[PDB]
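Colleague: If you read the sequence shown in the UniProt record's numbering, its first letter stands for residue 1025, the second for the next number, and so on.
Beta carbons: idealized from backbone N, C-alpha and C, even for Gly.
Please see the structure below; I have some questions.
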Amino acid sequence: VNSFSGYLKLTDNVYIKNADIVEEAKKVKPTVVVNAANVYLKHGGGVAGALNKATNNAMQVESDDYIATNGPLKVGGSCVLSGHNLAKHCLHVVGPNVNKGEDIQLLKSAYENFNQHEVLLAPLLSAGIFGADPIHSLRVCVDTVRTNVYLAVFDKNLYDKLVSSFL
Ligand SMILES: Cc1cccc(C[C@H](CO)Nc2ncnc3[nH]ccc23)c1
């Protein structure tokens, strides 16, 4: 039993809610919140900009030190950093950005990072301003992640479309 509330069960291990991931994290304080990051951990907009703003820019400060030490992530890769006031940990995961011309097949590799964590609060990777098809991303999530994932989908119209089309 966990403290996630109001989710629709999609499969044995995947759950979904029309909610802002920032608000879900504030309420639940999950062990792991997933950020939809880029390879430079520049949290300018989208999920990343919203999470970082909620940390009062502490996520960005920590991220800049991470990059200075380690260099950029790979597309499809991840790193574990602090969750600050939102969660114990933040798993920064880089899905392919279609608006940058990145290969959509790397989306499966991106979701594989979730399997290193027993329970996660996550956004839909590569959706929104990353330019991929959200129906496809939900499908890849369900077919790749085996651990327990709670998907917060902020956009109400998108949430309705995802539920009504889910096979
Ligand atoms: C990768 C990506 C970037 C930009 C947008 C989206 C779409 C999703 C779903 O609508 N956005 C969100 N989902 C959950 N919590 C959120 N908080 C603020 C925005 C937001 C995906």
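1. Whole angstroms are fine: how far does the CA of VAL1056 sit from the CA of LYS1112?
2. What span of residues does the beta strand (DSSP E) with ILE1040 cover, start to end?
3. Can you tell me which of the three DSSP states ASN1181 falls into?
4. Could you please give the first and the last residue of the uninterrupted beta strand (DSSP E) stretch that includes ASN1076?
5. Check whether the Cβ of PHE1154 lies closer than 6 Å to any heavy atom of ligand 1, and answer yes or no.
6. Give a yes or no on whether the C-beta atoms belonging to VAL1169 and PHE1138 are separated by under 7 Å.
7. Does any heavy atom of ligand 1 sit closer than 6 Å to the C-beta of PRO1120?
8. Starting from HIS1160, trace the alpha helix (DSSP H) both ways and give me its first and last residue.
9. What does DSSP give as the partner residues of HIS1141 in its beta bridges?
10. Are the Cβ atoms of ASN1042 and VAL1173 separated by less than 7 Å?
11. Can you check whether the CB of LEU1149 is closer than 7 Å to the CB of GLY1119?
12. Over what stretch of residues does the beta strand (DSSP E) that includes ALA1060 continue unbroken?
13. Can you tell me whether DSSP reads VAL1099 as helix, strand or coil?
Modeller: The structure says:
1. If I take the Cα positions, the gap works out to 6 Å.
2. 1038–1042
3. helix
4. First-last for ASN1076: 1070–1078, but that is the alpha helix (DSSP H), not the beta strand (DSSP E).
5. Answer for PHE1154: yes, Cβ within range of ligand 1.
6. yes
7. no
8. 1158–1168
9. Answer by DSSP bridge pairing: none, since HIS1141 is not bridged.
10. no
11. yes
12. From DSSP, the beta strand (DSSP E) with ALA1060 extends over 1056–1060.
13. coil
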